[PDB]
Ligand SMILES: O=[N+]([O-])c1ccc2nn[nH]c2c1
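A single chain, nothing else alongside it, follows as structure tokens in the form deposited without the named molecule.
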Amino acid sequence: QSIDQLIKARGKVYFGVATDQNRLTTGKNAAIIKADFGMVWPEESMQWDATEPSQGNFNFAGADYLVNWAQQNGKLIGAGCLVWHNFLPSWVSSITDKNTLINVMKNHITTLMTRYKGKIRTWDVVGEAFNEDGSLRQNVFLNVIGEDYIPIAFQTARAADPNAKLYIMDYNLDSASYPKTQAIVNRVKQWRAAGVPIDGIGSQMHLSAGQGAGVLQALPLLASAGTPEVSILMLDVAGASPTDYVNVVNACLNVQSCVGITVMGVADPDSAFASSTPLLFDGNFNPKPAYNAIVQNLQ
């Protein structure tokens, strides 16, 4: 039973999964993604250090492979992250001149999005921009450009591909009482009021056991920012309890603007957190109790 087909039947857009050429060419990953998922999300091949390892010298081979595989198999594509502090080459973080960095950032955004224009459903434009107390995270963009780097990034992305949905994303947005959750809602409200084209908030749900229950209140709070969409991505759950996974799915179903869920890989041994067995398929590529519980809940 395909959880993507079942979640579409309930009115959502997709159940997706993070992957890349390394996974699609080994084991049973390709067969499972074909059968059970409706959207793919490159784990590393679209990040800055992979795509622009030297300034103006782009490398698209891995990203091209993923996009072509998705189109051939009828899958939606989400891609990112265009601007964040992870996967960032030193040549970028060493820039100290504001105009130089604005132009570098705009060029990185425009080049990636133009190459795949019309083919990408969702771009993660800005990621992990907030500290745990709700202040903005001090990365090179904030240090050199200032808080305007976020509006500039989204305005540039919107001009490059008006078809794509443009997201901001962060982690630890899983509790409605946590300062970070309330801060991103307030800031996104203000940005949208100023005309900034933020289409979505993506919640990076790398969850500890038992945190699914709190998502039932956190996700509606994120939806109150008034973006056209919200999504769940990078989802995994330590221990992979059915209770946590079903709670996360029910939160999605309860929030009308939540378009879908993307899990953080297929099989446990390929997770960065493999020792906590946090995914929906085990090391033999067999569906786990959590997978069957999602199927049963959606039916």
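We number the residues from 1 along the sequence you see.
Stretch exceeding the other in mean C-alpha B-factor - 27-35, 242-250: The recorded data point to 27-35.
Mean CA temperature factor from the deposited coordinates, higher in 169-177 or in 123-131? Mean CA B-factor is higher for 169-177.
Tell me, please, which of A183, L142, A160, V92 has the highest C-alpha B factor according to the deposited entry? Answer for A183, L142, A160, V92: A183, with the highest C-alpha B-factor.
Mind checking which third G283 falls in for C-alpha B-factor across the chain? Highest third, going by the recorded CA B-factors of the chain.
Which third, lowest, middle or highest, does the CA B-factor of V83 fall in along this chain? Ranked within chain, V83 CA B lands in the lowest tercile.
Third assignment of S271 from its chain's C-alpha B-factors: Its C-alpha B-factor, which the entry lists for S271, ranks in the highest third among residues of this chain.
Mind checking which third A18 falls in for C-alpha B-factor across the chain? For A18, whose C-alpha B-factor we compare with every modelled residue in the chain, the answer is the middle third.
Splitting the chain's C-alpha B-factors into thirds, which one does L233 fall into? Bottom third by C-alpha B-factor.
Only in words, not in the display: the form deposited with the named molecule bound, which the text now covers.
Answer with open or blocked: the shown chain lacks the ligand, so superimpose the named molecule from its arrangement in the deposited complex and check for 3 or more ligand atoms within 2.4 Å of backbone or C-beta atoms. With the named molecule superposed from its pose in the deposited complex, the site reads as open.
On the criterion of a non-hydrogen atom at 4.5 angstroms or closer, are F37, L76 and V266 all touching the named molecule in the deposited complex? Verified in the deposited complex; spot residues all out of contact, no.
Considering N247, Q47, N29, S241, which brings a non-hydrogen atom within 4.5 Å of the named molecule in the deposited complex? Selected residue: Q47.
Scan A70, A251, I33, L233 and let me know which has any heavy atom within 4.5 Å of the named molecule in the deposited complex. None of the other options qualify; the answer is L233.
Is it the case that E52, even though its partner is missing from this view, gets within 4.5 Å of the named molecule in the deposited complex, heavy atoms only? No - in the deposited complex, heavy atoms of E52 and the named molecule never come within 4.5 Å of each other.
Is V215 part of the interface with the named molecule in the deposited complex - any heavy atom within 4.5 Å? Answer no; every heavy atom of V215 is more than 4.5 Å from the named molecule in the deposited complex.
At the 4.5 Å heavy atom threshold, is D174 in contact with the named molecule in the deposited complex? Heavy-atom contact with the named molecule at 4.5 Å: absent for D174.
Within a 4.5 Å heavy atom cut-off, is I109 in contact with the named molecule in the deposited complex? No, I109 sits far enough from the named molecule in the deposited complex that none of its heavy atoms falls within 4.5 Å.
Going by heavy atoms, what in 156-173 lies within 4.5 angstroms of the named molecule in the deposited complex? Residue within 4.5 Å: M169 only.
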